[PDB]
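**Student:** One structure coming up, written as structure tokens, with questions to follow.
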Amino acid sequence: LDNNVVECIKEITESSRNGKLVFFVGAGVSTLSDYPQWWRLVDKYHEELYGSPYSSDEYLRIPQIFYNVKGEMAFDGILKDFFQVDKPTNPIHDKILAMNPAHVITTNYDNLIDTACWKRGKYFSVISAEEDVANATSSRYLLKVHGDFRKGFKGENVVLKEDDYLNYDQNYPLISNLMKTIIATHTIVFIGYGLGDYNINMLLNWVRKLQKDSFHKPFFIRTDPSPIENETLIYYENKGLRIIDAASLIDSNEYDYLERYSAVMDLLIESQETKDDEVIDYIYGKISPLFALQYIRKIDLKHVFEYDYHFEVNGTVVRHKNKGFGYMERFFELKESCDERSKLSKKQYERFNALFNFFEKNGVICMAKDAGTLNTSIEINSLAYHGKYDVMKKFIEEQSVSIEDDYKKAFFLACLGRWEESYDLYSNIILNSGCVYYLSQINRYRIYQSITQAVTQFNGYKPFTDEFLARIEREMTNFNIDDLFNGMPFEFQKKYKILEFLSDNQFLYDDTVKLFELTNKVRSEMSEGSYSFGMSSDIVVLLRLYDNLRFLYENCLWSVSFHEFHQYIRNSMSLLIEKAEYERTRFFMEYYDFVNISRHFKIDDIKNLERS
Amino acid sequence: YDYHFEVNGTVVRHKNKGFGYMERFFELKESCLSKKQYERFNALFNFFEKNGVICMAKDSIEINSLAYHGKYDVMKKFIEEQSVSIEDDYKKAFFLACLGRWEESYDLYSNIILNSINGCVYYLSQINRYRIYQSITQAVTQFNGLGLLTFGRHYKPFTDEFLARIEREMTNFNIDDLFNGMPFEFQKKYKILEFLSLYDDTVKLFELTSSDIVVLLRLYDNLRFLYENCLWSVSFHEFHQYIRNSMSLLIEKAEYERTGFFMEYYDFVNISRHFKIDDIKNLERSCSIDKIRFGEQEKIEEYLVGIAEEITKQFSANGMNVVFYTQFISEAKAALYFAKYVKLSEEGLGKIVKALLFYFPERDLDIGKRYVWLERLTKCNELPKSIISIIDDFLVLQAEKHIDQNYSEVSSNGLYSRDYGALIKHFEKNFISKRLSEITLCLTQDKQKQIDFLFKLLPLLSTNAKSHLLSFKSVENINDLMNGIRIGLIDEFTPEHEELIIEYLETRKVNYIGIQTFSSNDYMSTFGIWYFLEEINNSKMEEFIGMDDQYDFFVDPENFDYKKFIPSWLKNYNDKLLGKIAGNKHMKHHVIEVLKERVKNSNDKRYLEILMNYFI
Amino acid sequence: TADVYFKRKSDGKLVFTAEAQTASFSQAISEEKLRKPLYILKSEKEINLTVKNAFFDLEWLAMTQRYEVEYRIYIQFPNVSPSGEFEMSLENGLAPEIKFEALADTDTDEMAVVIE
């Protein structure tokens with residue numbers, strides 16, 4: 001299990017994570033639970049025709065002869081009375097369900113996989129006959145490429161005899177096409193199949209017909225008691241297959257198959273659903289893309305790690321939803337201790353300083369357990385926030401070095417009020433565009449909204465010509481933003497998860513609710529007169545406000561001017577000043593806080609703070 | 001969004017730009033077409049009217065669910081009833097979960113999931129089934145972590161087999177992808193239920209800080225949505241928080257706008273359920289809630305008596321259901337705290353008081369907190385003689401437990417059984433306790449904890465018991481004299497008692513002299529205030545200047561250096577003291593300076609009263 | 001960021017270690033009318049404390065299959081009892097917050113002591 005099986009296992013688990021995997025269920029799995037296998041039936045047919053009793057051609061021919069000479073009724077009756085025995089499912093069914101397959105292709109004709117699927121609760125669109133493919137009620141398919149008995153027990157519902165296999169292409173064209181396209185567009189894991197099976201042979205012939213590097217090599221699980229020979233392994237490796245053996249993996253007896261199925265399948269499911277080098281490689285892929293964004297909200301770093309570790313706004317992290325290794329705890333010991341971080345690979349260490357450059361710039365420090373005294377040092381490296389109103393004009397006329405600056409100068413125009421030209425090159429970035437494409441897309445939508453509301457304000461001066469107002473409406477009225485995040489590459493909406501809320505009009509839906517609980521909590525502290533010895537609920541409000549403000553300004557989101565954002569900023573300062581006034585008569589003013597009160601507060605509100 | 005359906009039940013179009021179909025419908029609804037559409041029209045009729053949809057904008061919501069009303073007994077016979085249909089199973093398992101019995105609900109919700117083949121009920125069953133699993137784990141986490149600390153023993157309501165069984169199934173099961181993994185027909189027909197798999201209305205609540213009507217009415221809509229639909233997430237913190245923020249803000253805004261609002265029986269449920277003892281106490285402090293009008297008093301009597309019935313049945317027989325305890329006890333304690341402002345019948349008052357005293361667990365409400373709970377009920381309801389008996393034998397039983405030398409009643413609030421006897425004596429001034437006096441007649445030197453306990457309840461005891469108890473008692477320590485003072489034994493400071501106070505002052509002087517500690521025994525204050533009140537007539541405590549505050553403030557106020565004055569000092573005094581402090585006139589300018597600073601800095605409105613009633 | 005050490009009164013065994021977050025000393029009077037004679041200085045003094053992070057000792061949870069709390073220069077609190085109130089959230093949950101209040105004994109009539 002050194003090299004030639006670990007590659008397969010990480011590939012399969014990666015495909016399962018993406019949702020792109022399909023399990024080609026064989027007949028060994030269905031016969032593992034007791035079920036009358038085919039050769040019993042064919043030898044029964046022989047005993048009917050002859051006195052005493054097997055190659056594959058005979059398997060196909062004896063039922064064919066019985067059908068030919070004895071007719072239809074007898075064959076139908078014997079098949080019905082031999083295949084009507086209902087049986088309970090086996091654990092391999094619930095395992096193969098728990099692996100969460102997108103579609104399931106089975107060459108079995110028993111209603112066994114579907115029963116387990118219903119018991120688990122997942123809903124699959126069963127496909128049995130020809131016509132059922134058109135009336136698919138879901139996007140997840142349970143293909144029975146050899147029919148079933150659901151429509152009835154009559155023989156032609158399934159394929160067993162020789163002529164049925166001859167006329168398979170012309171009798172099941174749609175199902176064959178579905179099988180071929182599902183094999184092409186997914187990854188395929190063969191389970192419970194003998195290496196000399198006829199279906200495997202035809203499928204390998206078809207994949208031989210295709211051109212080179214036009215598919216992923218499917219994975220085939222073998223479980224025969226004999227250890228795999230090298231010769232057949234080479235023969236099937238060059239035949240576009242990658243094969244995993246349970247005989248070489250463990251040792252067991254020849255007459256039991258449940259344990260050997262369970263060993264490989266449990267290894268598959270349990271393995272990542274270790275050492276430092278894997279850890280730093282693990283979080284690099286999850287952290288490398290975000291270098292495009294200058295600032296990251298700490299309350300969103302949980303979503304980066306699928307809510308693994310809870311990030312506190314003060315720079316402290318406590319294990320939230322980790323049941324495996326403490327990978328990021330290990331990373332911090334690489335940060336605090338240079339000795340263990342020194343013993344790392346060059347490429348990993350070259351990765352490591354990048355996050356070392358990252359995690360320092362976003363304020364995260366260490367655990368909450370290991371935390372000490374933390375200073376509330378927040379800097380805003382955004383020119384618009386500092387109000388250097390001459391500078392962006394200087395920053396605008398300069399030629400754009402790259403597309404990143406093209407977005408930056410585009411927002412500077414929006415900061416300068418000339419949103420007409422700002423929109424004009426906003427389409428240019430979309431034309432020139434890929435994370436910024438999403439950022440260019442929505443800001444183009446937000447900037448339209450401000451102008452339209454501004455148009456009603458003035459009319460209810462002619463800043464914009466009607467043709468610019470005509471062109472803005474044709475491209476936009478069709479454009480919808482709810483589907484924008486879903487309408488994105490699978491990698492993008494999986495990699496960039498913390499960017500979902502910029503799409504919807506309610507960009508601060510969560511941030512409002514979490515502040516209200518603190519707000520009522522803070523106003524609770526007003527009357528009861530209770531000191532906050534620990535990190536106060538009021539401080540984290542300031543820390544949250546500094547977190548949200550930095551992201552919006554540094555990353556150039558048009559939400560920096562919307563009334564919902566302005567009201568959100570205004571209501572945060574109102575209570576923080578309110579607490580400080582009561583604390584003084586039982587927080588001190590700074591330049592950074594001077595900007596927000598001057599920028600987002602109305603005149604009447606300032607009187608309200610003075611009055612109270 | 002074609003017709004924005006506002007909360008009041010009227011219709012306002014918002015997005016429909018084509019032909020008006022809703023306009024046509026209500027016109028046919030109001031006026032008096034194929035027969036197969038007729039049954040469709042009539043079927044659509046009652047659904048709209050029952051759901052509060054009536055008519056357009058141009059042209060009281062009730063809940064009937066056995067869980068909402070607190071009917072922990074009516075729904076019990078429903079449990080034993082054979083559930084007729086699949087929907088009958090759905091309400092059954094939800095009902096099973098409220099009275100603890102989370103294991104039973106897990107079984108049923110599993111059965112209906114495999115049973116149902118509309119398919120909508122399979123969704124709510126799946127959501128509820130996940131919620132109880134999430135519910136069980138949090139309870140299991142609490143019991144092993146906090147349940148040992150709170151109750152003092154490990155309960156483990158669920159076997160190791162069950163908890164191992166449940167984790168096997170909910171693993172690799174997410175609530176987010178459940179909605180996506182449904183038949184496409186189901187997704188289109190049921191585009192509403194994704195938000196279940198609370199947060200939405202909380203944001204709208206912040207925007208409104210009419211506003212009151214549009215906030216209050218939608219509150220029942222949510223309650224008629226979660227409770228009426230047998231949705232288990234109605235037992236979670238976030239929904240509790242939404243109710244907690246909604247009602248707390250509304251009364252604050254209503255009182256602010258008043259400076260009107262009244263609440264019905266349905267408004268009792270949310271405040272009693274989702275508000276804690278701190279939320280009610282904080283609500284009291286910010287705004288006075290006694291001005292509120294309390295309608296539907298008939299409904300509140302049946303609720304408070306019924307909830308007082310449950311605790312009597314629970315705690316008096318076979319301990320209690322730990323699973324049901326955590327969910328029900330919190331609702332029970334707040335309701336009794338609430339019941340100050342309501343008027344209750346004598347038979348009902350005896351029911352709630354008996355449960356509050358006898359069958360209320362000590363670990364929740366100690367003798368101090370149980371007393372104020374009892375005292376608050378006395379505000380609206382005057383003391384009946386039957387309740388006097390309830391407090392009577394309650395003290396008698398307390399005297400019985402005062403035999404163990406380790407057992408001493410301990411109260412966080414600072415109130416004990418003495419204040420009960422004063423309260424009965426307050427309303428009667430002639431009550432003679434026969435049982436306690438009889439035990440006092442059989443009182444010997446052996447039960448020392450008995451001697452000083454009946455000392456605190458001396459007025460209640462008979463004259464015969466007074467002589468019996470006084471023979472074995474004498475003023476020994478400082479607490480003894482205040483025990484005699486509290487009952488009323490001492491009305492003047494005898495020369496002997498002048499020696500105990502000064503000797504304690506020597507003791508407090510002796511132990512004060514390199515490392516100092518700060519306590520809250522408030523014994524120096526009593527000595528100092530007596531000199532201000534001239535109850536003492538000895539000028540020997542002037543050498544203890546600097547021992548603590550509130551001592552030199554009333555003995556030599558002319559050089560107290562009032563920079564150390566605590567403004568909360570005027571609160572601890574009474575009407576007689578405030579006049580004396582104002583009438584002394586040697587620090588009135590100083591006190592009026594400290595009285596005026598708090599009225600502007602804070603909105604406590606009580607420093608306003610002290611500023612006004614005597615102008616100190 | 002004060003550290004809380006919760007122990008049993010009977011022994012010196014640490015029940016748990018926590019991080020103090022809030023403390024309330026909002027003492028006040030009771031109802032005056034319901035409660036000439038010698039002045040008594042009646043009051044309804046109450047003290048409450050709340051911690052946001054907690055951690056129970058391994059030995060305590062192993063052996064458990066009146067109290068005293070001291071938080072840190074450092075201040076003690078004798079005869080303290082917890083408020084075992086639980087509430088569950090739809091979001092999976094993770095900061096166990098523990099609230100406890102100090103009891104007042106009749107014989108000693110003191111609730112808080114602080115040493116320096």
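Chain identifiers are assigned as A, B, and so on, following the order in which chains appear in the structure tokens; residues are numbered from 1 within each chain, and ligands are numbered from 1 in order of appearance.
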Select, as number ranges by chain, those residues of chain A with any atom no more than 12 Å from chain C (distances computed using only C-alpha atoms).
**Tutor:** A: 307-312, 317-322, 368-369, 371-374, 521-522, 524-537
**Student:** With a distance threshold of 6 Å and counting only C-alpha atoms, extract the residues of chain C near chain B and express them as an MDAnalysis selection string.
**Tutor:** chainID C and resid 29 37 46 84 87:89 102:105 109:110 112:115
**Student:** Would you save the residues from that selection as a tab-separated table (two decimals), in the first residue's frame, using C-alpha atoms?
**Tutor:**
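That gives us result-v5.tsv:
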chain	number	residue	atom	x	y	z
C	29	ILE	CA	-33.24	47.92	49.23
C	37	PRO	CA	-37.86	50.74	66.55
C	46	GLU	CA	-26.82	40.48	45.89
C	84	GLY	CA	-27.36	25.64	36.18
C	87	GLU	CA	-30.16	26.76	26.46
C	88	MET	CA	-29.40	25.15	23.11
C	89	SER	CA	-28.76	26.79	19.74
C	102	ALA	CA	-22.40	34.06	46.45
C	103	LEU	CA	-24.57	32.90	49.35
C	104	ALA	CA	-24.87	34.78	52.64
C	105	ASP	CA	-24.86	32.83	55.90
C	109	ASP	CA	-23.57	37.72	57.56
C	110	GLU	CA	-20.79	38.33	55.01
C	112	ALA	CA	-17.55	38.92	49.83
C	113	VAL	CA	-13.99	39.13	51.14
C	114	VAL	CA	-10.94	40.45	49.28
C	115	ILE	CA	-7.31	40.19	50.40
**Student:** Return as a ChimeraX atom specification the full set of residues in range 304-534 of chain A whose backbone-based DSSP assignment is helix (DSSP H, G or I).
**Tutor:** /A:304,327-336,338-342,346-361,383-386,391-397,403-415,419-432,435-459,466-477,490-495,509-528
**Student:** Filtering to C-alpha atoms, could you give me those residues as a compact mmCIF listing (two decimals), in the first residue's frame?
**Tutor:**
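This went into out.txt:
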# COMPACT_ATOMS: atom_id res chain seq x y z
CA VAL A 304 -12.55 29.29 4.96
CA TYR A 327 -3.52 21.13 12.08
CA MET A 328 -3.63 24.86 12.78
CA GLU A 329 -2.51 24.31 16.37
CA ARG A 330 0.52 22.69 14.77
CA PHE A 331 0.92 25.70 12.48
CA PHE A 332 1.07 28.07 15.45
CA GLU A 333 3.80 25.94 17.04
CA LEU A 334 5.64 26.38 13.74
CA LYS A 335 5.09 30.12 14.18
CA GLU A 336 6.09 30.44 17.85
CA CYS A 338 11.36 28.34 14.71
CA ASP A 339 13.00 24.97 15.41
CA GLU A 340 10.16 22.82 14.08
CA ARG A 341 9.42 25.31 11.30
CA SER A 342 13.08 25.12 10.27
CA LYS A 346 11.87 24.32 0.92
CA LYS A 347 8.64 24.64 -1.06
CA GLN A 348 6.60 24.29 2.13
CA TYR A 349 8.80 26.86 3.87
CA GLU A 350 8.45 29.14 0.84
CA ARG A 351 4.72 28.60 1.31
CA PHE A 352 5.04 29.09 5.07
CA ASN A 353 6.37 32.66 4.99
CA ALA A 354 3.43 33.61 2.76
CA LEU A 355 0.95 32.73 5.50
CA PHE A 356 3.47 34.12 7.97
CA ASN A 357 3.17 37.25 5.84
CA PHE A 358 -0.61 36.73 5.81
CA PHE A 359 -1.54 35.86 9.40
CA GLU A 360 0.52 38.78 10.70
CA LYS A 361 -1.25 41.28 8.44
CA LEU A 383 -6.70 56.37 0.58
CA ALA A 384 -10.46 56.95 0.38
CA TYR A 385 -10.86 56.51 4.14
CA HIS A 386 -8.15 59.06 4.94
CA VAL A 391 -4.50 62.25 -4.39
CA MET A 392 -6.98 59.99 -6.20
CA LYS A 393 -7.16 62.53 -9.01
CA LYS A 394 -3.40 62.06 -9.17
CA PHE A 395 -4.00 58.31 -8.82
CA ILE A 396 -6.60 58.37 -11.60
CA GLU A 397 -4.83 60.15 -14.46
CA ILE A 403 -5.82 45.06 -14.03
CA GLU A 404 -5.70 45.33 -10.22
CA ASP A 405 -4.92 49.05 -10.46
CA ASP A 406 -7.61 49.28 -13.14
CA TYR A 407 -10.12 48.23 -10.49
CA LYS A 408 -8.54 50.56 -7.93
CA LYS A 409 -8.79 53.65 -10.15
CA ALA A 410 -12.32 52.58 -11.08
CA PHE A 411 -13.34 52.83 -7.43
CA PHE A 412 -11.47 56.13 -7.09
CA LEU A 413 -13.78 57.57 -9.75
CA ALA A 414 -16.73 56.20 -7.76
CA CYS A 415 -15.24 57.87 -4.68
CA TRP A 419 -19.66 57.15 -11.50
CA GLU A 420 -20.48 57.54 -15.20
CA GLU A 421 -16.83 57.07 -16.20
CA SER A 422 -16.45 54.58 -13.35
CA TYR A 423 -19.10 52.35 -14.91
CA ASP A 424 -17.57 52.82 -18.36
CA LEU A 425 -14.27 51.17 -17.46
CA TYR A 426 -16.02 48.78 -15.05
CA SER A 427 -17.33 47.03 -18.16
CA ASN A 428 -13.76 47.19 -19.49
CA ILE A 429 -12.45 45.10 -16.58
CA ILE A 430 -15.23 42.60 -17.28
CA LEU A 431 -14.14 42.73 -20.92
CA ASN A 432 -10.48 42.48 -19.89
CA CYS A 435 -11.60 36.73 -8.74
CA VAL A 436 -11.74 40.42 -9.69
CA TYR A 437 -14.35 39.52 -12.33
CA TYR A 438 -16.78 38.73 -9.51
CA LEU A 439 -15.71 41.92 -7.71
CA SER A 440 -16.04 43.87 -10.96
CA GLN A 441 -19.44 42.30 -11.61
CA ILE A 442 -21.23 43.22 -8.38
CA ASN A 443 -19.69 46.68 -7.99
CA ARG A 444 -20.98 47.35 -11.50
CA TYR A 445 -24.39 46.32 -10.15
CA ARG A 446 -24.12 48.35 -6.93
CA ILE A 447 -22.91 51.44 -8.79
CA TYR A 448 -25.95 51.25 -11.09
CA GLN A 449 -28.26 51.31 -8.07
CA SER A 450 -26.75 54.49 -6.64
CA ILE A 451 -27.13 56.36 -9.94
CA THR A 452 -30.73 55.21 -10.38
CA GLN A 453 -31.67 56.35 -6.88
CA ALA A 454 -29.73 59.56 -7.53
CA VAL A 455 -31.68 60.08 -10.76
CA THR A 456 -34.97 59.91 -8.85
CA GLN A 457 -33.58 62.28 -6.21
CA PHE A 458 -32.70 65.01 -8.71
CA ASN A 459 -35.78 64.61 -10.92
CA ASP A 466 -30.26 59.66 -21.54
CA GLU A 467 -28.27 57.38 -23.86
CA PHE A 468 -25.98 56.52 -20.95
CA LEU A 469 -29.22 55.97 -19.03
CA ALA A 470 -30.58 54.03 -22.02
CA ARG A 471 -27.51 51.79 -22.30
CA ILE A 472 -27.45 51.19 -18.54
CA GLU A 473 -31.01 49.84 -18.59
CA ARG A 474 -30.71 47.41 -21.52
CA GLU A 475 -27.76 45.50 -20.05
CA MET A 476 -29.06 45.59 -16.46
CA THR A 477 -32.82 44.93 -16.40
CA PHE A 490 -17.36 25.01 -9.17
CA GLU A 491 -13.88 25.78 -7.86
CA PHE A 492 -14.65 29.48 -7.39
CA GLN A 493 -17.77 29.11 -5.24
CA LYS A 494 -15.98 26.38 -3.29
CA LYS A 495 -12.64 28.17 -2.90
CA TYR A 509 -27.60 40.72 7.40
CA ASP A 510 -25.55 38.65 9.84
CA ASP A 511 -23.51 41.57 11.17
CA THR A 512 -26.67 43.42 12.23
CA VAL A 513 -28.15 40.53 14.24
CA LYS A 514 -24.90 39.74 16.06
CA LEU A 515 -24.57 43.41 17.03
CA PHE A 516 -28.14 43.65 18.39
CA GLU A 517 -27.52 40.84 20.86
CA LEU A 518 -24.44 42.74 22.00
CA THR A 519 -26.40 46.01 21.89
CA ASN A 520 -29.11 44.72 24.22
CA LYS A 521 -26.32 43.06 26.20
CA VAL A 522 -24.48 46.39 26.43
CA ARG A 523 -27.64 48.29 27.36
CA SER A 524 -28.19 45.53 29.91
CA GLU A 525 -24.85 46.49 31.48
CA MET A 526 -26.09 50.10 31.56
CA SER A 527 -28.71 49.53 34.25
CA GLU A 528 -27.23 46.65 36.25
**Student:** Using CA of residue 384 in chain B and CA of residue 346 in chain B as the two end points, give the distance in Å to one decimal.
**Tutor:**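 Taking CA of residue 384 in chain B and CA of residue 346 in chain B, their separation equals 6.7 Å.
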**Student:** Tell me as a list in words which residues belonging to chain B come within 7 Å of chain A, counting only C-alpha atoms.
**Tutor:**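 Every residue of chain B that passes the 7 Å test is in residues 114, 172, 181, 182, 183, 184, 202, 203, 282, 285, 286 and 601 of chain B.
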**Student:** Compile the contact shell of residue 396 in chain B as an MDAnalysis selection string: residues with an atom at most 9 Å away, counting only C-alpha atoms, same-chain residues fewer than 2 positions apart removed.
**Tutor:** chainID B and resid 391:394 398:400 433 435:436 439
